[PDB]
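Structure, as structure tokens:
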Amino acid sequence: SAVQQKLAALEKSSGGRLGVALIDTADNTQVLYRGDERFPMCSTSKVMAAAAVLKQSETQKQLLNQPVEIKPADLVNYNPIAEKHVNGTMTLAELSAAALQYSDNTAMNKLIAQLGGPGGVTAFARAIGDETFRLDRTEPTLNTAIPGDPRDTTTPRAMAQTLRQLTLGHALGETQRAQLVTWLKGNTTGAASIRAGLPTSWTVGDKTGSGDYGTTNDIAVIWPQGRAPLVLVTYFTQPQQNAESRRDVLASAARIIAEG
């Protein structure tokens with residue numbers, strides 16, 4: 001199609017590997033580019049950890065208010081929110097918000113611990129029908145993004161379908177789904193990625209991710225004005241281990257998709 005020609009040209013100009021999945025919920029059509037190739041998820045995996053904890057709270061109604069102690073030993077490489085609460089507590093709701101809206105890595109590791117390890121996050125993916133997602137490591141090593149390494153990867157198609165189910169579908173209860181949507185809409189890290197390629201009137205909830213090999217990711221639910229929402233996943237990774245992040249590529253991919 002026309003969009004796939006332009007995405008391939010974008011990819012060629014960028015020097016990396018680009019994966020795109022769009023789901024238009026108006027007619028359940030999909031637009032895929034390398035939709036079935038694995039990409040390192042990096043921090044986009046935090047959506048699955050948060051959703052898994054939300055799913056637990058459908059039975060444990062008070063779970064999100066449970067205080068979790070933040071100790072100096074818990075802090076890893078990037079903890080913008082958790083660092084504000086060292087030797088204090090944060091609730092699981094606060095940790096989920098910090099993981100999603102600030103990409104706090106300590107928050108993610110606490111969510112993983114709550115689920116019983118990376119295997120517990122992966123279990124939740126399987127439970128909602130995602131057989132592709134795999135979380136193998138904790139923060140920060142899940143971001144190594146080594147070419148060919150299947151650990152901590154998913155495919156664009158799988159992540160788009162799962163993000164659709166979590167936010168627009170009914171994989172979560174109604175209160176949990178609304179909470180997830182609210183968190184995603186309040187993301188603070190996404191201004192230069194998918195959002196930058198879309199009309200300013202459209203409301204976006206997204207989760208970015210970045211890692212080694214210049215890995216630059218963004219997954220988003222998009223509510224266009226007077227139009228059915230869209231789910232857009234953009235994964236991008238590069239051949240050089242020290243390559244710089246390329247958020248502009250995600251913005252350009254979104255712009256190409258939005259032209260259609």
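Naming scheme: A, B, ... for chains in displayed order of the structure tokens; residues 1 onward per chain; ligands 1 onward as shown.
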ask   = So which residues of region 75-212 of chain A fall under strand (DSSP E) by DSSP, listed as a ChimeraX atom specification?
value = /A:88-91,153-154,203-211
key: Spatial neighbours of residue 122 (chain A), max dist 9 Å, only C-alpha atoms, sep filter under 5 positions, as a PyMOL selection string   = chain A and resi 48-49+127+130-131+133-136
Saved selection, atoms kept: N, CA, C and O atoms, as a short mmCIF file (atom, residue, chain, number, x, y, z; two decimals), in the first residue's frame:
```
data_model
loop_
_atom_site.label_atom_id
_atom_site.label_comp_id
_atom_site.auth_asym_id
_atom_site.auth_seq_id
_atom_site.Cartn_x
_atom_site.Cartn_y
_atom_site.Cartn_z
N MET A 48 2.34 -3.61 30.66
CA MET A 48 1.88 -4.96 31.01
C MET A 48 1.99 -5.22 32.50
O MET A 48 1.13 -5.89 33.08
N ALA A 49 3.05 -4.73 33.14
CA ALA A 49 3.19 -4.90 34.59
C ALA A 49 2.09 -4.15 35.32
O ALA A 49 1.45 -4.69 36.24
N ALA A 127 -2.56 -14.82 29.85
CA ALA A 127 -3.94 -14.95 30.33
C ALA A 127 -4.90 -14.11 29.52
O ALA A 127 -6.09 -14.41 29.47
N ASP A 130 -2.14 -12.97 24.77
CA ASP A 130 -0.91 -12.55 24.12
C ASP A 130 0.11 -13.66 24.32
O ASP A 130 0.65 -13.83 25.42
N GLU A 131 0.36 -14.43 23.26
CA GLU A 131 1.34 -15.51 23.31
C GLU A 131 2.71 -15.06 22.85
O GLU A 131 3.63 -15.89 22.78
N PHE A 133 4.34 -11.68 23.77
CA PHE A 133 5.03 -10.93 24.82
C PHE A 133 5.85 -11.86 25.69
O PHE A 133 5.37 -12.90 26.13
N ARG A 134 7.09 -11.48 25.97
CA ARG A 134 7.82 -12.19 27.01
C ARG A 134 8.64 -11.18 27.79
O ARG A 134 9.34 -10.37 27.20
N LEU A 135 8.50 -11.22 29.10
CA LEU A 135 9.36 -10.45 29.98
C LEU A 135 10.26 -11.45 30.68
O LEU A 135 9.77 -12.41 31.29
N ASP A 136 11.56 -11.25 30.55
CA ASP A 136 12.54 -12.17 31.06
C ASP A 136 13.38 -11.60 32.18
O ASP A 136 13.86 -12.35 33.02
#
```
Shell around residue 93 (chain A) at 10 Å using only C-alpha atoms, local window under 6 positions removed, as an MDAnalysis selection string = chainID A and resid 50 53:54 63:67 99 111 179 183
request  = Tell me which of A:171, A:2, A:41, A:47 sits closest to residue 141 (chain A), counting only C-alpha atoms.
outcome  = A:41
For residue 219 (chain A): contacts at 7 Å, only C-alpha atoms, fewer than 2 positions along chain excluded, given as a PDB file with N, CA, C and O atoms, in the first residue's frame:
```
ATOM      1  N   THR A  44       8.245   0.076  27.281  1.00  0.00           N
ATOM      2  CA  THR A  44       6.854  -0.187  26.927  1.00  0.00           C
ATOM      3  C   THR A  44       6.316  -1.404  27.670  1.00  0.00           C
ATOM      4  O   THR A  44       5.097  -1.555  27.803  1.00  0.00           O
ATOM      5  N   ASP A 206       0.009   7.241  25.930  1.00  0.00           N
ATOM      6  CA  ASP A 206       1.096   6.461  25.357  1.00  0.00           C
ATOM      7  C   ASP A 206       2.068   6.054  26.443  1.00  0.00           C
ATOM      8  O   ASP A 206       2.066   6.607  27.544  1.00  0.00           O
ATOM      9  N   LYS A 207       2.921   5.087  26.101  1.00  0.00           N
ATOM     10  CA  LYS A 207       4.051   4.711  26.930  1.00  0.00           C
ATOM     11  C   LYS A 207       5.250   4.598  26.011  1.00  0.00           C
ATOM     12  O   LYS A 207       5.220   3.822  25.052  1.00  0.00           O
ATOM     13  N   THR A 208       6.284   5.368  26.301  1.00  0.00           N
ATOM     14  CA  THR A 208       7.523   5.332  25.544  1.00  0.00           C
ATOM     15  C   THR A 208       8.437   4.239  26.073  1.00  0.00           C
ATOM     16  O   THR A 208       8.240   3.681  27.152  1.00  0.00           O
ATOM     17  N   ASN A 217      10.943   3.514  21.317  1.00  0.00           N
ATOM     18  CA  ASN A 217       9.640   2.898  21.170  1.00  0.00           C
ATOM     19  C   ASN A 217       8.564   3.827  21.697  1.00  0.00           C
ATOM     20  O   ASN A 217       8.808   4.655  22.574  1.00  0.00           O
ATOM     21  N   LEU A 232      -1.740   2.559  18.111  1.00  0.00           N
ATOM     22  CA  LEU A 232      -0.558   2.671  17.271  1.00  0.00           C
ATOM     23  C   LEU A 232       0.656   2.269  18.085  1.00  0.00           C
ATOM     24  O   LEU A 232       0.906   2.847  19.143  1.00  0.00           O
ATOM     25  N   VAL A 233       1.411   1.297  17.579  1.00  0.00           N
ATOM     26  CA  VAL A 233       2.668   0.863  18.173  1.00  0.00           C
ATOM     27  C   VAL A 233       3.778   1.189  17.185  1.00  0.00           C
ATOM     28  O   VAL A 233       3.655   0.891  15.991  1.00  0.00           O
ATOM     29  N   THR A 234       4.844   1.826  17.671  1.00  0.00           N
ATOM     30  CA  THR A 234       5.994   2.149  16.831  1.00  0.00           C
ATOM     31  C   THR A 234       7.220   1.696  17.597  1.00  0.00           C
ATOM     32  O   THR A 234       7.491   2.201  18.687  1.00  0.00           O
TER      33      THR A 234
END
```
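The two atoms in question, CA of residue 74 (chain A) and CA of residue 95 (chain A), are spaced 12.7 Å apart.
Nearest to residue 1 (chain A) of all the residues A:203, A:242, A:139, A:31 is A:31, counting only C-alpha atoms.
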inquiry  = Env of residue 181 (chain A): 12 Å cut, atoms = only C-alpha atoms, seq-sep filter 5 positions within chain, self excluded. Answer as a list in words.
reply    = residues 47, 50, 51, 54, 97, 100, 101, 163, 164, 165, 166, 167, 168, 169, 172, 174, 175, 176, 186, 187, 203, 204, 205, 206, 207, 220, 221, 222 and 223 of chain A
ask   = Hey, what does DSSP flag as helix (DSSP H, G or I) within region 47-244 of chain A? Can you give it to me as a PyMOL selection string?
value = chain A and resi 47-56+63-65+72-74+82-85+92-102+105-114+118-127+141-143+156-167+174-185+194-197
Just the residues within 7 Å of residue 195 (chain A), please, counting only C-alpha atoms, with nothing from its chain fewer than 4 positions along; format it as a compact mmCIF listing (two decimals) with N, CA, C and O atoms, in the first residue's frame.
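Wrote it out as result10.txt, contents follow:
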```
# COMPACT_ATOMS: atom_id res chain seq x y z
N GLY A 190 6.18 11.49 26.45
CA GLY A 190 5.85 11.16 25.08
C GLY A 190 5.76 12.32 24.12
O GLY A 190 5.36 12.12 22.96
N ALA A 191 6.14 13.53 24.54
CA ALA A 191 5.84 14.71 23.73
C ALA A 191 6.55 14.68 22.39
O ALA A 191 6.03 15.23 21.41
N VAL A 204 -4.00 11.63 23.17
CA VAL A 204 -3.14 10.45 23.09
C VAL A 204 -2.82 9.99 24.50
O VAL A 204 -2.56 10.81 25.39
N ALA A 251 7.70 9.94 15.57
CA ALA A 251 6.85 11.05 15.16
C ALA A 251 6.55 10.99 13.67
O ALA A 251 5.41 11.21 13.25
```
message = With only C-alpha atoms as the counted atoms, please give the residues lying no more than 9 Å from residue 214 (chain A), apart from itself and same-chain residues fewer than 3 positions off, as a list in words.
response = residues 16, 145, 210, 211, 236, 237, 238, 239, 240, 241, 242, 243, 244, 245 and 246 of chain A
key: Pairwise distance for CA of residue 103 (chain A) and CA of residue 82 (chain A), rounded to one decimal in Å   = 10.7 Å
inquiry  = Using only C-alpha atoms, can you tell me which of A:180, A:92, A:108, A:52 comes closest to residue 77 (chain A)?
reply    = A:108
